[PDB]
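Worksheet: one structure, shown below.
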Amino acid sequence: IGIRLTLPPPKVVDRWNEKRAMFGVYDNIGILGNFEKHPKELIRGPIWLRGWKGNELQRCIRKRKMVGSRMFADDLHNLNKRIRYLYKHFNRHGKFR
Amino acid sequence: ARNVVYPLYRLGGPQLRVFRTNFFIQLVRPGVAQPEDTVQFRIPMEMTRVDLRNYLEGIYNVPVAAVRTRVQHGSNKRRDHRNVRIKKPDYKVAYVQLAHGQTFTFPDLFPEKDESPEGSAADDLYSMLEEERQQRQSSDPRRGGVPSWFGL
Amino acid sequence: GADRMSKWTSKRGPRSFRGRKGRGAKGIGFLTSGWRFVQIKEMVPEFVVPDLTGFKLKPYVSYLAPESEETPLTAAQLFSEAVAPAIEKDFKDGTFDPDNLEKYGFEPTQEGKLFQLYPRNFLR
Amino acid sequence: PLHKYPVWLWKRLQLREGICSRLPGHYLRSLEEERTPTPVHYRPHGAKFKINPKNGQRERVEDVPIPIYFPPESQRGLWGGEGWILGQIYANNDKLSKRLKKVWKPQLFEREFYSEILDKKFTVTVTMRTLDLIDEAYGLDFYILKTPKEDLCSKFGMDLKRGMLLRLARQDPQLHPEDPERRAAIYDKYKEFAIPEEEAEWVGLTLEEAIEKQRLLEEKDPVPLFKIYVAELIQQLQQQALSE
Amino acid sequence: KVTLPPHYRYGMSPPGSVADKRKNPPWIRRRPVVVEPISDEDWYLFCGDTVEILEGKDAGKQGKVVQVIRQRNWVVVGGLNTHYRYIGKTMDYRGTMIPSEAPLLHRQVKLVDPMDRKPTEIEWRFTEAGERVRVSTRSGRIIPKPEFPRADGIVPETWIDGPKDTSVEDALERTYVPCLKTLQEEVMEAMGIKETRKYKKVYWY
Amino acid sequence: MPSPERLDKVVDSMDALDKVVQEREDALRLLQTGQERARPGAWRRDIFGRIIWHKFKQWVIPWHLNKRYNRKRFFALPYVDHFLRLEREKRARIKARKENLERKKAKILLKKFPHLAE
Amino acid sequence: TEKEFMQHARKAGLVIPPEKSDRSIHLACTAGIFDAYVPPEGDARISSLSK
RNA sequence: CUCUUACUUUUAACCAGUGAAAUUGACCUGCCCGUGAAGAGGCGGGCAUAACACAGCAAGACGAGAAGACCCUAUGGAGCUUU
RNA sequence: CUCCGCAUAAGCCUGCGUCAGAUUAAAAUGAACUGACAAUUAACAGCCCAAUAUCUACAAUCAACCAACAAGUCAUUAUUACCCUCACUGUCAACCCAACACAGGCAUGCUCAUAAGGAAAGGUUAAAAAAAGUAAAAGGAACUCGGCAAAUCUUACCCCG
RNA sequence: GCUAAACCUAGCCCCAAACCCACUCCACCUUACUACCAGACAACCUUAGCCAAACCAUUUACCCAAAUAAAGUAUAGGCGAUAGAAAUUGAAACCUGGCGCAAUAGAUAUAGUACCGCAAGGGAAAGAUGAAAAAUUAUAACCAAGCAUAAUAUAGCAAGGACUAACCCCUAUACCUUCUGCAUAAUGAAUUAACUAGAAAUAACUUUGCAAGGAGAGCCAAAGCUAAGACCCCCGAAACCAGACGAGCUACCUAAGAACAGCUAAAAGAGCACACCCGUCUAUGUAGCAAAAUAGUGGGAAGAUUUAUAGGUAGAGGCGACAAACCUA
Ligand SMILES: [K+]
Ligand SMILES: [K+]
Ligand SMILES: [K+]
Ligand SMILES: [K+]
Ligand SMILES: [K+]
Ligand SMILES: [K+]
Ligand SMILES: [K+]
Ligand SMILES: [K+]
Ligand SMILES: [K+]
Ligand SMILES: [K+]
Ligand SMILES: [K+]
Ligand SMILES: [K+]
Ligand SMILES: [K+]
Ligand SMILES: [K+]
Ligand SMILES: [Mg+2]
Ligand SMILES: [Mg+2]
Ligand SMILES: [Mg+2]
Ligand SMILES: [Mg+2]
Ligand SMILES: [Mg+2]
Ligand SMILES: [Mg+2]
Ligand SMILES: [Mg+2]
Ligand SMILES: [Mg+2]
Ligand SMILES: [Mg+2]
Ligand SMILES: [Mg+2]
Ligand SMILES: [Mg+2]
Ligand SMILES: [Mg+2]
Ligand SMILES: [Mg+2]
Ligand SMILES: [Mg+2]
Ligand SMILES: [Mg+2]
Ligand SMILES: [Mg+2]
Ligand SMILES: [Mg+2]
Ligand SMILES: [Mg+2]
Ligand SMILES: [Mg+2]
Ligand SMILES: [Mg+2]
Ligand SMILES: [Mg+2]
Ligand SMILES: [Mg+2]
Ligand SMILES: [Mg+2]
Ligand SMILES: [Mg+2]
Ligand SMILES: [Mg+2]
Ligand SMILES: [Mg+2]
Ligand SMILES: [Mg+2]
Ligand SMILES: [Mg+2]
Ligand SMILES: [Mg+2]
Ligand SMILES: [Mg+2]
Ligand SMILES: [Mg+2]
Ligand SMILES: [Mg+2]
Ligand SMILES: [Mg+2]
Ligand SMILES: [Mg+2]
Ligand SMILES: [Mg+2]
Ligand SMILES: [Mg+2]
Ligand SMILES: [Mg+2]
Ligand SMILES: [Mg+2]
Ligand SMILES: [Mg+2]
Ligand SMILES: [Mg+2]
Ligand SMILES: [Mg+2]
Ligand SMILES: [Mg+2]
């Protein structure tokens, strides 16, 4: 019980496909490109996360002021509640002061 | 007609007429004993006894003395595998009595003699099965279960 | 303990409820004093059934027939077939004017008619 | 997920499609305009910079309006931009004392005015401020015609404006039908507020009143197809004759 | 009508049959079979068409296509790729053994050229008249759609009109004369009905 | 039943005949009147704030005198706007899962049939 | 406490498959002999009489 | 009550059919004295001791049940009264 | 045995009718469970009414004597308008509210002991303890906080209200 | 050997992109889903409180229209907790992807269904053959606890040391938590499977880079500066506030109804005493017949009586022959 009786299908991986063979290309677009572009501009994803890093409270605060006016009502309400909970935890709870 | 809007009537207005009626009635066999003159029908809910009379006299040229109707409830007790109730459609029943002393008896629409086919029927697959079934015989007890195919 | 997910019908409720609810049958009159019902002969639908004697058409059609294509009828198709020929003839004759459009078949209004087209006042 | 457009822009997206997109241009411009009203229940700074006494530095200053609640009975009169002030106070003007709910209401009066362009008297409810504003404009007609919408703050005051502007554009002779000279003299005093009838008939109307109006201007029974095909036929026959 | 669950598994037995009901009750939920999407236009295998089996128990054999199942891209050929099953069994009698065919994928069969009985690949084309047809890649020749008896079973060439079957001369006769009247108005003139009373106007809202 | 197809054939013929007659009446109504619908109606907002096509009924008195018609509301108040958005966002979530699911099936449909790249 | 066994099996016939089906069962062998053969009595004796 | 007794029914026990609940650290689950978180089936010193069901009893298992409602604590609540 | 029973209202909604069954009751005939088929037929009941003005002091109680207060449930006329008439709906059951096929709850009419409707014992044995009853020598509250309970059919007094 | 075990799909999550938005007929605001008659009711109005301040009483962040920076600076504040700008500066932008879940996960979802609740509302569980089932006398077996095959023999936390030998001999006061201290007769735990709990700044340390300069504008700098690595849990109250839902139970009231034998006295908020209403005492019952009952005994029973139907009063409240009663166990 809790462990499969047969072996799973083999995990075949192509180490020489397009995405793996061309990974890391254009990471030095600035050094070798006269600094016309910055490597952070090659990052794709959420517009509030491009070239930026923070903790959950910092991520949640940043998302609310950048796309908060476009969010669904239920998702926005939960975001505000998450910011309230995190504000209390980080600023009032912990081992160190 | 059903599922249609009826033109409203006012005093002194034209007669209401339907040229193509979508009422479809089915004559049924009574479950219990009924008088000879009485006939039983299943009609849609929207239909009235007044319409059934004019509907029968006009389309089928049948004189009717009396018409009575009742609404029969369909059981909503049946449940599916999701425990959701299944509704048997409620239907209306009509009892019609003939006018001039005519008597109606429901005919036997499935005579056994007619159902039985005088002309020989020779389905290929069935013939194959029947032939083989007959030819093969039960195991002789004295043989004790020894395969019979072997002639030795 | 009530079934709120079951079809509300005249079979449910007290006496006053069961008499006021119906099944979809159209009325053919009104109630007068004394609970006396008055039937209106003009409110009862009259079946216009034709004579079926010597009628060639039958419920089914033989399979030995061509597979003609479907050409849904349009307003323009009906205008050219019936209205256009009469107009072309009068156009060639030299006597055509909009005032006579009613003579060609056009209906300026629907009032004063037994079978109006919009809002229609007749059954199928 | 996310919405393509922000929610605060949804109201202006409704003015780009539908029947609202078919409304006049000048009316649509008057809607999106958000000109600031005139201060009534608060004093403005007057300047853009000041010298903070504590540190003696040139600080910037901004005028923040005070929310005003206009009851529905304010749209049947002329309060002059006044309204109820829904706010709080400190007991005995002491920050350390508890805070209480306070509502300041204006003093209303039932007066009777006369309009020269309309030749009719109205019994409107007003405030003392409205009476002073009518004395600075030298009449009720100038007050109604000079004061903008965001300062009138009344649907009845904006309907009077539309009534006056329509007579200045149509040059309605119903005003004193038996006194032509007198009539002409009245229209020569308010000639600086003349607006074309086409643009003066949409003044004051709300979005719900304008849509209904525009709907009535477009409401018309559909043209029968019997007439359209006849036009195509006759027009087609004539072209055929030329080729012959 | 048709009552098929979202992920109904099509099989050899037709839907709605007693065998399919037992095999596919309303409640079961099985892993969906993956089927290569093929445009109805591109499909080139029809019933009554000879095909050669490439892979299977009996490869290199040519047989007629008796049934095709589009949902699973299956082709059934008579007498090939057939296992054996006892039919008509009972508790006392073992039953009769018969060969039963197994479905073949459209990739495990290959159409044959009529001129040369060899597997070939075909690509659709158009003739002079414009009728679309399938033509072999190698030694291009026309391969018409084999005639197959209709599903219902009616044979037009052997049809006998019954007492409730309208004749061809009465079902094709044209009696309609385009006018500007409704069935109601046109029928009241023929039947002979007359109604002088007028219809008073009502309000609609 | 001996031949159940007989009933299916008649029902198809009864529907086809009803389609032809209605086709001739619809075309005849466009020529005399130009209306596409035989029954009057209008687009209106219900009490719930959703668009609906109102089919008119036949009455004997005008609408401003009818007791029962004036109790019916064809306008939504401002407390409906929030529910209209919540109901719009509900439909968007459904439509998003439907579109992302289809993309997944197609991406999983190439692993087993890798010759579909073209 | 309302769960039951999934016992809904019903008994059907295997003699014939679904009706109104264009596909039909294909048979390779016949069921029985077309003309019965009766070897003449005394053929066992003729085994010795090879000629 | 002195001072209890007899009989009947139910229950009861046995046979047949159907078939719950709280409870349960693990248990191969004895007595005396002593010891010890101060009241021991389990530790020390002695005594006893083939295995096993059924029916009864209620001295013990600080027996089961309800995170004591008495008492105190909490910069924990609430109701009522008021100079 | 008869705690009732039949009917109406209310509520419920096909929930012991036929056929079939691998399902089911303690019970592999029955069935309230499953599948199919059938079924309640209006005269009872429900669903009513043209307008304007106008009229309506004198209870009921066998309503007659009589006696009351708490002072009561029933009525029209005038003028105008108005010749087609029997539609629609309820009608089943061993049934509702209590998680149950629950010793509970449940309005009205008739029956007032039944003409209707029902079965306390699965079989055996006849220990304790326990429960419900019957009888009891002599004594008769000595019991006990108390005549609780049972039997019997009784006096007087006090406190509080 | 049974019970079971095992599986990989269904779909789901986070982004990106793109604004979004119906239809056969018939029916549906009256008791919704009801063909057909005299109406005129109409929408707007500061959120509060929990919490933090170790009480609490002023006060206590909540997208508000450009990322960064200016800056946690000016400034506000029981000048406490904490709150907190602007001028000015000024960037990028190719939907079709995933070091996301894989049936106790991931949406609650096979479904807002079944079921619970008068109502508002709450809210599940689960599936698995194969190319073919028109191959079903089929897809092998091996694995949890629980049982069976196969009950038990002096003596003891059950074992360890051992032994020719299972036991007999010798040694040995279960575990966690909580405590000055527990074999403790202190807490929790029948057992199996799965699920179930340490999140980060300041400075400093360590290892690279460059170096009086460092850093991909801002900032720091009297060896500093840049980058990286590495430290801060889970479940649980009674409560408080806002907005909805509730008087089919019950408390009181309104409208129009119904019932009360027989005897005595005939005057009765009179007596005896059925139906009916109540619930005095006793026994039984105590996971029951019953989340308040059964048997007997009792109180009232023409009145301030009992009772069916519809309606009304709603929580900062109602109602109350005040029991702090009752307002859906
Ligand atoms: K912290
Ligand atoms: K005795
Ligand atoms: K004991
Ligand atoms: K205890
Ligand atoms: K029922
Ligand atoms: K009970
Ligand atoms: K009897
Ligand atoms: K506190
Ligand atoms: K779930
Ligand atoms: K202890
Ligand atoms: K304890
Ligand atoms: K313990
Ligand atoms: K513990
Ligand atoms: K009420
Ligand atoms: Mg009836
Ligand atoms: Mg037993
Ligand atoms: Mg315990
Ligand atoms: Mg001791
Ligand atoms: Mg014992
Ligand atoms: Mg005991
Ligand atoms: Mg405690
Ligand atoms: Mg406190
Ligand atoms: Mg507190
Ligand atoms: Mg009657
Ligand atoms: Mg009956
Ligand atoms: Mg019995
Ligand atoms: Mg017994
Ligand atoms: Mg005894
Ligand atoms: Mg005695
Ligand atoms: Mg004594
Ligand atoms: Mg005495
Ligand atoms: Mg004593
Ligand atoms: Mg006593
Ligand atoms: Mg007293
Ligand atoms: Mg605090
Ligand atoms: Mg700025
Ligand atoms: Mg799930
Ligand atoms: Mg095991
Ligand atoms: Mg020992
Ligand atoms: Mg631990
Ligand atoms: Mg201690
Ligand atoms: Mg110790
Ligand atoms: Mg112990
Ligand atoms: Mg403790
Ligand atoms: Mg950390
Ligand atoms: Mg507080
Ligand atoms: Mg409150
Ligand atoms: Mg009530
Ligand atoms: Mg009640
Ligand atoms: Mg009253
Ligand atoms: Mg009496
Ligand atoms: Mg009395
Ligand atoms: Mg008495
Ligand atoms: Mg009371
Ligand atoms: Mg008191
Ligand atoms: Mg008290």
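Only heavy atoms go into these numbers, but all of them, side chains included; no hydrogens, no water, no symmetry mates. Note on naming: letters A, B, ... go to the chains in the order of the sequence lines (proteins, then strands), and numbering restarts at 1 for each one.
Rounded to the nearest Å, the gap between the P atom of J:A292 and that of I:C100 is 15 Å. Taking atom P on both nucleotides, J:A119 is separated from I:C12 by 13 Å, rounded to a whole Å. Rounded to whole Å, the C1' atom of H:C3 lies 43 Å from the corresponding atom of H:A21. Rounded to a whole angstrom, the distance from the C1' atom of J:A145 to that of J:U3 is 11 Å. Straight-line distance between the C1' atoms of H:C47 and H:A51: roughly 22 Å, to the nearest whole Å. With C1' as the reference atom, H:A61 and J:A185 are 9 Å apart, rounded to whole Å. Look at the P atom in both H:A12 and J:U286: the space between them is 14 Å, to the nearest Å. On the P atoms, I:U18 is 16 Å away from I:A38, given to the nearest whole Å.
In the region residues 97-105 of chain E, proximity to RNA chain J at under 4.0 angstrom, judged on heavy atoms, holds for E:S100, E:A102, E:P103.
If you check J:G78 against J:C56, you find a Watson-Crick or G-U wobble pair, both contacts below 3.5 Å.
Between the side-chain ring of F:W53 and the base of J:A22, no stacking contact exists by the 5.5 Å and 30° definition. Ring-to-base geometry does not place C:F37 in a stacked arrangement with I:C88 (centre distance under 5.5 Å, plane angle under 30° required).
Put simply, D:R99 has a side-chain N or O that comes within less than 4.0 Å of OP1 or OP2 on J:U59. Between E:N81 and the phosphate of J:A131, there is no side-chain N or O to OP1/OP2 separation shorter than 4.0 Å. Between F:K95 and J:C20 there is a side-chain polar atom (N or O) within less than 4.0 angstrom of OP1 or OP2. Proximity of C:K7 to the phosphate of J:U34: a side-chain N or O atom is located under 4.0 Å from OP1 or OP2. Contact between the side-chain N/O atoms of F:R39 and the OP1/OP2 oxygens of J:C26 is found at a separation under 4.0 Å. Using a 4.0 Å cut-off, some side-chain N or O of F:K57 falls inside it from OP1 or OP2 of J:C28. Taking 4.0 angstrom as the limit, C:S10 places a side-chain polar atom (N or O) nearer than this to OP1 or OP2 of I:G90.
In the set J:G216, J:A134, I:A39, the nucleotide with an atom closest to the side chain of E:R85 is J:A134. The listed nucleotides are J:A134, J:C33, I:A42; the one nearest the side chain of B:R68 is I:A42.
Sugar conformation at J:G198 is south: the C1'-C2'-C3'-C4' dihedral has a negative sign, consistent with the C2'-endo side. Nucleotide J:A102 carries a south sugar; the sign of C1'-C2'-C3'-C4' is negative. Sugar pucker of I:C100: south, since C1'-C2'-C3'-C4' comes out negative. Sugar pucker of J:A52: north, as indicated by a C1'-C2'-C3'-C4' torsion of positive sign.
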Expected rows: protein N/O vs nucleotides 199-203 of chain J N/O, under 3.5 Å:
{"residue": "J:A199", "atom": "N7", "partner": "A:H89", "partner atom": "NE2", "Å": "3.4"}
{"residue": "J:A199", "atom": "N6", "partner": "A:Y85", "partner atom": "OH", "Å": "2.6"}
{"residue": "J:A200", "atom": "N6", "partner": "A:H93", "partner atom": "O", "Å": "3.0"}
{"residue": "J:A200", "atom": "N1", "partner": "A:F90", "partner atom": "O", "Å": "3.3"}
{"residue": "J:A200", "atom": "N1", "partner": "A:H93", "partner atom": "O", "Å": "3.2"}
{"residue": "J:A201", "atom": "OP1", "partner": "A:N55", "partner atom": "ND2", "Å": "3.3"}

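Under the rule of centres below 5.5 angstrom and planes below 30 degrees, the bases of J:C56 and J:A57 are not stacked. Annotated as stacked: the bases of I:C158 and I:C159, by the 5.5 Å centre and 30° plane rule. Using a cut-off of 5.5 angstrom for ring-centre distance and 30 degrees for interplanar angle, J:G243 is classed as stacked on J:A244. The six-membered rings of I:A53 and its strand neighbour I:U54 lie with centres under 5.5 Å apart and planes within less than 30°, so the two bases count as stacked. For the pair J:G296 and J:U297, the rule of 5.5 Å between ring centres and 30° between base planes classifies them as stacked.
Using a cut-off of 4.0 Å between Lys/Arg side-chain N and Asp/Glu carboxylate O, A:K63 and A:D75 are scored as not salt-bridged. Comment: F:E102 does not engage F:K98 in a salt bridge, judged by the lack of any side-chain N to carboxylate O separation of less than 4.0 angstrom. Contact check on F:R50 versus F:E87 returns no salt bridge, with no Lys/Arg side-chain nitrogen under 4.0 Å from an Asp/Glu carboxylate oxygen. A salt bridge is absent between C:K11 and B:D90: the closest approach of a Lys/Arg side-chain nitrogen to an acidic carboxylate oxygen does not fall below 4.0 angstrom.
Within 6.0 Å of CD1 in F:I94 there are more than 12 heavy atoms belonging to other residues, nucleotides or ligands. Crowding of G:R10 atom CZ: a count of heavy atoms from other residues, nucleotides or ligands under 6.0 Å not exceeding 12. Heavy atoms of other residues, nucleotides or ligands lying less than 6.0 angstrom from NZ of F:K90 number 12 at most. More than 12 heavy atoms of other residues, nucleotides or ligands sit less than 6.0 Å from atom CH2 of C:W8.
Taking atom CZ of D:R58 as the reference point, atom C1' of J:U88 lies 12 Å away to the nearest angstrom. As a whole-Å value, the separation of A:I83 CD1 from J:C64 P is 11 Å. One interatomic measurement links the two molecules: CD of G:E2 to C1' of J:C115, which rounds to 8 Å at whole-angstrom precision. Rounded to whole Å, the distance from OH on B:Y95 to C1' on I:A42 is 14 Å.
Counting only heavy atoms from C-beta outward, the side chains of F:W59 and B:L8 never approach each other to under 4.5 Å. Taking the side chain as every heavy atom from C-beta outward, F:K57 and F:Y69 never approach each other to under 4.5 Å. By the 4.5 Å heavy-atom criterion applied to side chains, F:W53 and F:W43 are counted as neighbours.
Within 4.0 Å of F:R73, counting heavy atoms only, lies at least one base atom of the nucleic acid. Residue B:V5 is classed as a sugar-phosphate contact, given heavy-atom separations below 4.0 Å to backbone atoms only. Contact annotation for B:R2: no contact, since no heavy-atom pair falls under 4.0 Å across all strands.
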Counting primed atoms, P, OP1 and OP2 as sugar-phosphate and everything else as base, the B/S/- map of nucleotides 6-16 of chain J against protein heavy atoms under 4.0 Å is SBBSSSSBBBB
Generate the contact string for nucleotides 65-76 of chain J. Rules: B means base contact, S means sugar-phosphate contact only, - means no protein heavy atom under 4.0 Å. B-SS------SS
Per-nt protein contacts along nucleotides 11-23 of chain I (heavy atom under 4.0 Å; B base, S backbone sugar-phosphate only, - none) come out as S-BBS------B-
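With sequence neighbours excluded, the residues satisfying ring-ring contact (aromatic ring centres under 6.0 Å, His included) with E:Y10 are E:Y8.
Applying the 90° cutoff around 0 to the glycosidic angle, I:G15 is assigned syn.
Judged by the 6.0 Å and 45° rule, F:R37 forms no cation-pi pair with E:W204.
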